[PDB]
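Only one chain comes next, encoded as structure tokens, the form deposited in one PDB entry.
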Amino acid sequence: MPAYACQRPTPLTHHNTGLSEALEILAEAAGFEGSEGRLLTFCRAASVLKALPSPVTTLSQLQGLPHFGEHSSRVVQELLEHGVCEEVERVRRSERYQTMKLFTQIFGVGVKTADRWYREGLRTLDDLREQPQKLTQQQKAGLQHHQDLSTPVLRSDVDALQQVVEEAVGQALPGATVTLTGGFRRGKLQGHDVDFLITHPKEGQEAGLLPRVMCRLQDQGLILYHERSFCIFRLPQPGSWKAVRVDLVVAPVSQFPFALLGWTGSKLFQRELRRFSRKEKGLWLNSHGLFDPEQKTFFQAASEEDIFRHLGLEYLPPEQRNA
């Protein structure tokens, strides 16, 4: 199979869930130690298993597979033979991993901040609440709605939110469209947030749209916290409500297919796609466009299909970008 994740279809569900989940724990643990190189490899190795057409049953089936060296193969070997991987289980139990994972999942908290808190003796959320003086407003909101934000967002929630966003956007700018992106566009049934991409058919009209959208959303009393906009929405529930992370992104229609591709993901898929573009095609890709450094020109795109064709890749629908 191809070495780049953007060269292979990766469905949301596959046939090596257990194996890939173990490797991603090591990737997650690697990122907690600042080992971005090791995180990347373990992520790649896990994605390879996701792309396989059938379960891995023997170690010999790992031969030839990209990004599977000594360490990753050792992990799979133990899992196939003993049902568990000793290193993986040791990571799970450790106070370091559980704390870092707990801290980093807080909105407004990254690895660097989490590590510093761990080195100061902080272990729980109430520890962070015990000293609100050294908390930023984004972190204060992160701890404030942490329980709700830790609750999976369902498809039914997305539909309600999109109906809300479309209403505000529509009143903010006639003709402006709202596109669901993120993991939910890839076909996920549950998520930790909702991502929307907003544009307008007439180039330039999308300028200064977000403040108008946010104002009309706040007027409806739907914003607990907030061109991009990282918001925490108040989502109506049966007899109550819960907080939901929502991201609003505005782009000109000329750059829309690039913004759509980037914000649909997955994270690893986009990294592999941009790595492929530069290393194999000598082209520079981001959320805004595709640049030819030699010709000093930007590729024009009307769709995601255009971009894939520019890069010489077979088209992959969003539901096959779950790398």
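Between two forms, the rigid core is the largest collection of C-alphas that superpose within 1.5 Å. All residue numbers refer to positions in the sequence shown, first residue = 1. Only residues modelled in both forms are compared.
J.: Which fits the stretch between residue 155 and residue 156: none, 1 to 3, 4 to 9, or 10 or more deposited residues lacking coordinates?
T.: Gap size class: none, per the record.
J.: Averaging CA B factors per stretch from the PDB record, which one is higher: 60-68 or 254-262?
T.: According to the PDB entry, the answer is 60-68.
J.: Higher average CA B factor in the deposited record is what I'm after, so tell me if that's 171-179 or 114-122.
T.: According to the PDB entry, the answer is 114-122.
J.: Among 276, 42, 298, 269, which carries the highest Cα B-factor?
T.: Answer for 276, 42, 298, 269: 298, with the highest C-alpha B-factor.
J.: Among 83, 142, 201, 187, where is the Cα temperature factor highest, going by the PDB entry?
T.: That would be 83.
J.: Among the modelled residues of this chain, does the Cα B factor of residue 53 put it in the lowest, middle or highest third?
T.: Its C-alpha B-factor belongs to the lowest third of this chain's values.
J.: Going by the recorded CA B-factors, say which third of the chain residue 246 sits in, lowest, middle or highest.
T.: Its C-alpha B-factor, which the entry lists for residue 246, ranks in the lowest third among residues of this chain.
J.: Lowest, middle or highest third of the chain for the C-alpha temperature factor of residue 196?
T.: Its C-alpha B-factor, which the entry lists for residue 196, ranks in the lowest third among residues of this chain.
J.: Just say lowest, middle or highest third for the CA B-factor of residue 164 relative to the other modelled residues in its chain.
T.: According to the entry, residue 164 has a C-alpha B-factor in the chain's middle third.
J.: Lowest, middle or highest third: which one holds residue 76 when the chain's residues are ordered by CA B-factor from the entry?
T.: Middle third - that is where residue 76 ends up once the chain's C-alpha B-factors are sorted.
Quick note: we don't show the form deposited in another entry, though the next part is all about it.
J.: Superposing on the rigid core, does the Cα of residue 59 end up 2 Å or more away between the shown form and the other one?
T.: After core superposition, the C-alpha of residue 59 moves 2 Å or more between the shown form and the other one.
J.: Tell me which consecutive stretches, at least 3 residues long, show Cα shifts of 2 angstroms or more between the shown form and the other one after the core superposition.
T.: Only this run moves by 2 Å or more: 57-64.
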